[PDB]
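Chemist: Fold the stuff below for me.
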Amino acid sequence: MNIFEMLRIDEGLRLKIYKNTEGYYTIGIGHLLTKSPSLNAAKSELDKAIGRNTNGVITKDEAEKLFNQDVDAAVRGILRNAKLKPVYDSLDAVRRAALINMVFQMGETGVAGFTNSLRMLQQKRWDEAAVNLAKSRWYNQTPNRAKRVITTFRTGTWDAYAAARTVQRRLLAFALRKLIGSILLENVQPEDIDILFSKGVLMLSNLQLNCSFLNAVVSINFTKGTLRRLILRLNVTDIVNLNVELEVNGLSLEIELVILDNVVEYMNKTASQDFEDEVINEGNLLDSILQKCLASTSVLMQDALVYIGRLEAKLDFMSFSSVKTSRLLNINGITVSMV
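Modeler: Numbering: from 1, shown residues only. I have put the structure below:
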């Protein structure tokens with residue numbers, strides 16, 4: 001457990017512009033774009049960071065760079081701030097990380113107003129500090145996160161964020177079951193996803209696509225889609241820094257005539273209710289989970305067959321993965337004919 005992992009737990013990951021815990025405009029892994037309530041004025045900081053017109057969208061590596069950069073700006077601010085630095089110097093890696101988390105969240109200037117609790121931390125009076133922090137606007141903003149950071153301050157270890165990691169695993173399992181369930185016509189039991197989490201791999205064979213799903217996502221008409229094999233893999237060893245591997249072999253699409261964000265929208269309609277019900281029963285959240293999920297996934301596809309109408313396109317192999325304005329789609333072995 002490092003600071004990056006706990007911050008990844010607290011912020012998650014998002015590709016589109018989202019309103020943070022404070023209500024301000026934010027991108028990536030908790031990178032606050034602007035305080036202004038206008039999206040057009042929010043577009044500035046991002047483009048300034050990259051140096052090219054983006055319309056408010058970035059890549060995963062850019063979000064990671066912005067993440068590390070934001071942590072660097074955080075420690076810069078801590079060392080610059082007069083009230084925080086003595087409190088920080090006295091602390092160990094874990095509590096230092098909690099302080100860094102707070103400064104990361106609420107900015108350098110705002111955090112320095114917690115004079116009472118800072119003074120309480122220099123004297124290493126963890127408990128009364130915790131009780132006092134429990135009564136604060138920061139607790140009102142992020143009660144869960146505040147509970148975790150406070151717990152970190154109190155115990156000085158990594159116990160609080162492990163449970164949150166567990167929760168993330170469970171949520172991810174539900175979201176994945178719903179997603180795969182949506183894409184396919186097959187009934188995916190929680191036990192198979194449990195297989196995907198116990199062992200790094202899960203393979204399903206002789207499936208059939210949900211043409212409604214494809215029609216809604218791609219937005220052109222799909223009549224039928226059959227996939228011979230679907231292989232899914234999770235970075236289970238490091239579930240927080242998520243890496244998903246999706247692979248389809250023997251794809252067979254049939255299309256009639258007469259981007260990914262929409263997927264997130266579709267589920268949001270159909271699943272957010274059921275998902276929230278499931279989470280509540282387990283004791284708009286699905287959007288974040290799905291966003292990080294689809295942002296983390298790398299795609300492989302082999303021996304595909306697509307029909308259009310009828311023309312026939314045969315694809316030997318194709319990969320969809322990140323490279324150095326977005327993810328690269330490298331395709332090989334396309335042969336198109338008739339019958």
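Chemist: Residue 323 - how many residues pack around it?
Modeler: Look at residue 323: counted by other Cβ atoms under 10 Å, it has 10 neighbours. C-beta here means a position set from N, CA and C on the backbone, and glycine is covered the same way.
Chemist: no no, residue 36
Modeler: Applying other Cβ under 10 Å, we find 12 residues neighbouring residue 36.
Chemist: And the helices in the stretch 51-200 of the chain?
Modeler: Listed in chain order, the helices of the stretch 51-200 of the chain (DSSP state H, counting those that start in this stretch) span 60-80, 84-89, 93-106, 108-111, 115-122, 126-134, 137-141, 143-155, 159-183, 190-198.
Chemist: Can you spell out which helices and strands pack onto the fifth one?
Modeler: By that I understand helix 115-122. The contact analysis (3 or more Cβ pairs under 8 Å, 6 or more residues apart in numbering; DSSP states H and E) places helix 115-122 against helix 84-89, helix 126-134.
Chemist: Reformat the ones you listed as JSON lines; add distance to residue 57.
Modeler: Formatted as JSON lines, the helices and strands packed on helix 115-122 follow (distance: least, Cβ to Cβ, whole Å):
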{"stretch": "helix 84-89", "distance to residue 57": "34"}
{"stretch": "helix 126-134", "distance to residue 57": "36"}
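Chemist: how about those helices, which one is nearest residue 106?
Modeler: Closest to residue 106 of the helices and strands packed on helix 115-122 is helix 84-89 (Cβ to Cβ; 11.6 Å).
Chemist: Give the buried residues for the closest one.
Modeler: Neighbour counts over helix 84-89 (16 or more other Cβ atoms under 10 Å) mark 84, 87, 88 as buried.
Chemist: just how off-centre is that helix within its chain?
Modeler: The chain centroid and the centroid of helix 84-89 are separated by 32 Å under Cα atoms, centre = their mean, to the nearest Å.
Chemist: mind checking which helix or strand residue 32 is in?
Modeler: If you go by DSSP states H and E, residue 32 is part of strand 31-34.
Chemist: Are there helices or strands packed against that strand, and which ones?
Modeler: strand 25-27, helix 39-50, helix 60-80.
Chemist: Please identify the most buried of those.
Modeler: Most buried of these, by mean neighbour count (mean count of other Cβ atoms under 10 Å): strand 25-27, with a mean of 23.
Chemist: Partner strands of that one, with direction?
Modeler: Here strand 25-27 has these sheet partners by DSSP bridges: strand 18-19 (antiparallel), strand 31-34 (antiparallel).
Chemist: what does it rub up against?
Modeler: Identification of contacts with strand 25-27 by Cβ atoms under 8 Å, 6 or more residues apart in numbering yields 14, 17-20, 32-37, 39, 42, 46, 56, 58, 63, 66.
Chemist: mind running it again at 10 Å?
Modeler: Contacts to strand 25-27, defined as Cβ atoms under 10 Å, 6 or more residues apart in numbering, come from residues 11, 14-20, 31-39, 41-43, 45-46, 49, 54, 56-58, 62-63, 66.
Chemist: same deal with stretch 185-201?
Modeler: Residues outside stretch 185-201 that contact it (Cβ under 10 Å, 6+ apart): 169-170, 172-182, 202-204, 206-213, 225-226, 230-237, 239, 245.
Chemist: Can you go through those residues and name the buried ones?
Modeler: 172-182, 202, 207, 209-211, 213, 225, 230-234, 245.
Chemist: Centroid-nearest residue for this protein?
Modeler: In the chain, the C-alpha nearest the mean C-alpha coordinate belongs to residue 292, at 2.2 Å (Cα atoms, centre = their mean).
Chemist: Specify the angle between the helix or strand where it lies and helix 159-183 in degrees.
Modeler: Assigned by DSSP H and E, residue 292 belongs to helix 286-296. Interaxial angle, helix 286-296 versus helix 159-183 (axes from the mean of the first three to the mean of the last three Cα atoms, to 10 degrees): 80 degrees.
Chemist: which helices and strands sit right next to helix 286-296?
Modeler: Identification of packing neighbours for helix 286-296 by 3 or more Cβ pairs under 10 Å, 6 or more residues apart in numbering; DSSP states H and E yields helix 3-11, strand 18-19, helix 60-80, helix 159-183, strand 244-256, helix 261-270, helix 272-282.
Chemist: Check which element follows it along the chain.
Modeler: Next element after helix 286-296 (DSSP H and E): strand 297-308.
Chemist: for that following strand, which positions count as buried?
Modeler: Residues of strand 297-308 classed as buried: 297, 298, 301, 302, 303, 304, 306, 307 (neighbour count, 16+ other Cβ under 10 Å).
Chemist: can those go into JSON lines with extra columns for distance to residue 7?
Modeler: Formatted as JSON lines, the buried residues of strand 297-308 follow (distance: Cβ to Cβ, whole Å):
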{"residue": "297", "distance to residue 7": "22"}
{"residue": "298", "distance to residue 7": "23"}
{"residue": "301", "distance to residue 7": "34"}
{"residue": "302", "distance to residue 7": "37"}
{"residue": "303", "distance to residue 7": "41"}
{"residue": "304", "distance to residue 7": "39"}
{"residue": "306", "distance to residue 7": "42"}
{"residue": "307", "distance to residue 7": "47"}
